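Chain naming follows the written order as A, B, C, D, E and F, and within any one chain the residues start at number 1.
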Amino acid sequence: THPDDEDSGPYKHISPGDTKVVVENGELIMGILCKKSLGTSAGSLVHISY
Amino acid sequence: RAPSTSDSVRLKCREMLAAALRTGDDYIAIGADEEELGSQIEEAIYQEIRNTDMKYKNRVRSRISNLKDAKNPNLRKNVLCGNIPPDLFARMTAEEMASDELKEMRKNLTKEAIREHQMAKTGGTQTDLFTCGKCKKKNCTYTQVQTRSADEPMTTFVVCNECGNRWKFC
Amino acid sequence: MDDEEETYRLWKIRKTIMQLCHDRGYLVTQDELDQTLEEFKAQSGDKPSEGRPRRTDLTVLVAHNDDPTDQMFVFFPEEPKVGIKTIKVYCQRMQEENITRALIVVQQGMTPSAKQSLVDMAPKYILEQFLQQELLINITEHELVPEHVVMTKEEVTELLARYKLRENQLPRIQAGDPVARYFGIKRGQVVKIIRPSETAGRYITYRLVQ
Amino acid sequence: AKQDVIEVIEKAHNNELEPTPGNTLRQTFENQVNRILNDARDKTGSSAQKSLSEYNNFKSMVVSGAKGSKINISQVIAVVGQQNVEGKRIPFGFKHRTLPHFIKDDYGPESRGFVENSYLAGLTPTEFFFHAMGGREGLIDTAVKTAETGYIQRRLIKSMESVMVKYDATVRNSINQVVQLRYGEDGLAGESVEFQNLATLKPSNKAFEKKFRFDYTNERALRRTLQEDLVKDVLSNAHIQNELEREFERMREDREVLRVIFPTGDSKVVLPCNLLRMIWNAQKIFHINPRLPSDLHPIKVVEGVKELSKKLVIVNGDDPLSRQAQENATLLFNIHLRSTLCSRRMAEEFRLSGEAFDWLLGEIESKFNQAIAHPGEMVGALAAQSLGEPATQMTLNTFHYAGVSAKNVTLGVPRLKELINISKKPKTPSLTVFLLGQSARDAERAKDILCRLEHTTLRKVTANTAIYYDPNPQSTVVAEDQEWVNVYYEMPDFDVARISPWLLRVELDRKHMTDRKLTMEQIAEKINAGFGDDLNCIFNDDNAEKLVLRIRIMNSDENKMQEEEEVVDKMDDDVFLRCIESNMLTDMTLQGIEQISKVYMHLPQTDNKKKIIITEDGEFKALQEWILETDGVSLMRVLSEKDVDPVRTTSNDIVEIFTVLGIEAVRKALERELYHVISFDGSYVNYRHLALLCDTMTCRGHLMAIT
Amino acid sequence: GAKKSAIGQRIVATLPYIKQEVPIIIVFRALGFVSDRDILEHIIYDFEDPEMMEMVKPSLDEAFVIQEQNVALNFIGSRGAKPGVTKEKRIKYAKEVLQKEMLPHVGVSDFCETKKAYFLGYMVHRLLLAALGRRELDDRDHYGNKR
Amino acid sequence: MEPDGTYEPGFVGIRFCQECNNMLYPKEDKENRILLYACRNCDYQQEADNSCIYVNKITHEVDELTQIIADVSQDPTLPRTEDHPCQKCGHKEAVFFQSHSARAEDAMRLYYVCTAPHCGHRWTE
């Protein structure tokens, strides 16, 4: 997603920043879904589901 | 002593090298023998060429041309006073001459313009935006193609030339 | 002036044929493989009496693969364009020497009657023909080109048996293909192409010569 | 920014701008204003995206990626920017003008097609018409691309249709010839593959050793009783130490082969299963706490991976050739599988238990065995549509060239059509020469090779020519040369009575002559060699202020005694001197000898991924350098020149590659060229499809264009 | 070959579907202006510039083989008309084509053969300007040149 | 001679026969050791005034102050300038322009034409 500070923000405290999406055991833990999560992407939720 | 010779063509080439050394009468003020030196030069050239070929003849003339330059009488004066030994004069391998105050600059300037011909053909695709998630550099290019589109909308394509890496905006 | 290049070239083509002899397996000296330019210049003592028949002297023999079945013979003609007359004498020379294969390196081109005559030589001793310019650099070192290894007729028999194919059904390669020419292979022989693969890492193919 | 453009126009009219490399001064100027206007659009574009509030629905559509994009926000809120047509600013339609509403020759932004307004404020009348011009190029492009791609796709399917994977899993066409021994070289399915990272390409040999090696000396950090459980009891085992030491020995050898396979240093490969996501599925379900101590025996891991390696059948057989086929075909998945499931990796990072690992082995076995492609399938047809589809996507003649040189390597569909036809005469053939190490870090060595490679004809080197009547040089009409004539009294002193009284004098440009680093004796020797001894040449010193060359023509002396009637039909020598003057120019090929037209544009590459080398630390490194890029084809000879790289020198022209490097080298080069054209959009067509395409065209030695 | 090593001056003319190209100076001689000084004047009546005049010079030299209007008419006829026998109808046939089909818009009669020659010459001049680069090429789309 | 010279020897591409009014061609006189010009269709002949018979390229006849007529000063579409002083007449106001030609004279440099009837003078800056 546009969010945060590519290349150096996640390395700055992981102040969860909520941007990055994490799903675990079939439950959405954090983040916001977009075309990169849901779209025709190589690693989208939809691809993994199939 | 000057090395013995008998060939008439070699003798006349020495005479011409001597005659070229006579230019501007600098030989008088220095008082150096132009006939012994011209012979030593010619011997040294002949020691290189080993015959009286066109290539030797061209070399004799270019040696002559160096002596007869109007803008650099100091080259001759350097040869006349022994600052340049005949064996060195015999070879143009040590460059060509650079005491005329401008042509050397110009050749340097030529060396600049062909080096100017190297500088970057024409740099571009710098916009300089997003940071790469591989080689950690911001030097990046973006591509804008297919307007409106059929069903793959004018998405923004960003490529890191720095390591041939490409990702999309969102 | 161009004469001075020549020495680099004569060094350079001799070295490529050595690798060529070495890949075919004709056992050249490691030192000949290792031979530098400075040594070669030293070997013919450069600089004197140019245009001298160094190449007639450069003519070399090379001695046998795993089984000393005579040898292979390498000939550098002095003539820019070689005609049948030089070939006929050379033929007298190969016959006297009783050699089994002859490689000729011509400096510009061969007359078509000579190629014809070369075509007629096919039953007896084999004659191989390289254009000096294509030989002047080792093409097999180039990055595009994967490792080629020739197989014996027995190995081909086992290959066709184990996959259950016909000779006709394999991928083909030109008899004039620069690489096929490099090994000097004839029709019916198979080459094993070994490639790097993005997805297999290594991939092995075969090509029947056509 | 507008004041800054007026400022650059003011500099340009002063005649002092100083041009950019390889470009005319207008191009330098045009490249500069274009840089300023683009920077102007992007600066205000970045200002508008900042200025948007959280609640902008327009930003909410852009961010989900639903429809539309950043540039649209730029155009509606900010400023629309420079329009262009055919990749250049709006042409001068009328005499030196775009519209009669402007002054003649007015290079300003607005006057030549920059739109200062946003769609929201509305366009001014000229901007609207220059915008309507920008509107056509896209409508027309649409109508053409639909016709061409419809044709390219049909031809492609029509070739490959009968190829298909047979039940012994070799891929063969209609007459039953083999295309591939295994489909896609591994026999996997394209819909079951995934992108994966190769752990063993990890930089630094020391770093690899640290992260992978299972230590036995045990650093005082909980005597093996940390992480592992009962494994503290097998620390005294000699056999277990030697077997793992054997494992690490395979990993150094695999790491060495894998470095040969991927010289560029990319870790992204398509492979089945995605072993890492599975370990995560495995950890998550069994409720594995990574802080709690382990419960897994290392030998169980090593042997289990061996057994799994044997279970992953892709080539059934038993004789030495089947074992080699099995081993080599799934080499890349196998080295990956050992790297992921490594004992030290398993114990430290993934913390899996024994039950979880045994289950994990069972799923990878089931997924890998399911991944193998289904024989019967139509593979040939499958590939043609996956190739056909990107020709559908984008670019017909749009210019996005960022390789700091000529437009070369034509982009998009017309280039695809060339690879598809194997055109004996491409519209724009090319060739990339890389340079030997020393000559690549130095400019002056690079300049000397560059001049040797270039092909220039004496006509280019000549400033001017003249033909003079001068029977008596000793009293020549050109009094300044008179000093040279005395200089050349001994220059064959006798046949001056015999040579023709007709004189050709040539003057050479000083900068251009020097640039080629030529000397006069080279020219004299070249021209003497071309025309013969009959062509009697003399020349002045290369250091005179007016660099000049003088040409006469000598006859055959003895035999020319008016025998019959002169077998020349009494051709005047002046008229003949023009024919000599014409042909002397058009023929003389010093240094470069054939068709590289102009031959060059020197480049510094630091941007790309070139010269990737290994270092003694173990890691990969960048090596910036000079490389020569040419616009012509002569690969056979150009390879043999000195200090030219005999390894990485390449050409985009597949017919010349065929002549020099044979059919296998075509198979690769054509793949790279087809991969490279698809890669411009970077939609990433799966490689297995292009391998199949290349194999069909190169199947039978001779090139089989799909025409 | 060894003729003069220069094809980039050889100006010729296609007349309307004449089976063969004709050199332009021959056309001028067919119009009757046999004097080269006059032909040159008709091409460019501002002979202060040696460069363009030199540019046409080899085509005048090429024309030299014939210097009579009748012969030049018979020449164009043979270059036009299928093979036959008599010369004289060929001259007449060639004459009516040269008169009526050569730029009809400038005239269709004998009494305006001279004026037509002037228009051919401005046309050759119009051509020479582009080859020197003194004048930009015409645009293939400029609506000013459409009806 | 001297570096600060010029090469305009007077390329006389025109010297027609005084009688038949056609072009003269060079031809040798070995007897007199002199170039002569003769008409081919007749005997008339006359000696040359120069030793030259042909030249080619100058490469830089930058051609900056020729062909372009002063009257271009009238054209309303050309930019009038407030920049002053014709270098001939003590009057400001000049029309200027550039290249206007195919010898793509990478000549970006401006050419200025004085517009008042007193000069018609054409310089460059």
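Brief remarks on what is shown
Everything that follows uses one rule, which is that a residue touches a chain if its C-beta (ideal position, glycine included) is under 8 Å from a C-beta of that chain, and two chains touch if they have at least 3 such contacts.
Using CA-based centroids throughout, the chain positioned farthest away from chain A is E.
The chain pair with the larger count of C-beta pairs in contact, out of A-B and D-F, is D-F.
Rounded to a whole number, the gap between the C-alpha centres of chain B and chain D is 33 angstrom.
Separating the centre of chain C from that of chain F, both taken as means of CA atoms, is a distance of 65 Å.
Rounded to whole angstrom units, the spacing between the C-alpha centres of chain E and chain F is 27.
Residue positions 63, 65, 545, 578, 581 of chain D each touch two or more of the other chains. Shared contact sites, meaning residues of chain F that touch two or more other chains, fall at 54. Multi-chain contact residues of chain B (touching two or more other chains): 169-170. Screening every pair of chains for touch gives A-B, A-D, B-D, C-D, D-E, D-F, E-F. Taken together, the chain D residues at the contact with chain E in this complex read 93, 575, 578-579, 581-583, 586. Residues of chain A that touch chain D in their complex: 1-2, 24-25, 34-36, 39, 42-43, 48.
Residues 11-14, 16, 20-23, 40-41, 54, 67, 101-103 of chain F touch chain E in their complex. Across the interface of their complex, chain A is touched by residues 63-66, 194-195, 277, 284-285 of chain D.
Across the complex, chain E meets chain D through its residues 2-6, 139, 142.
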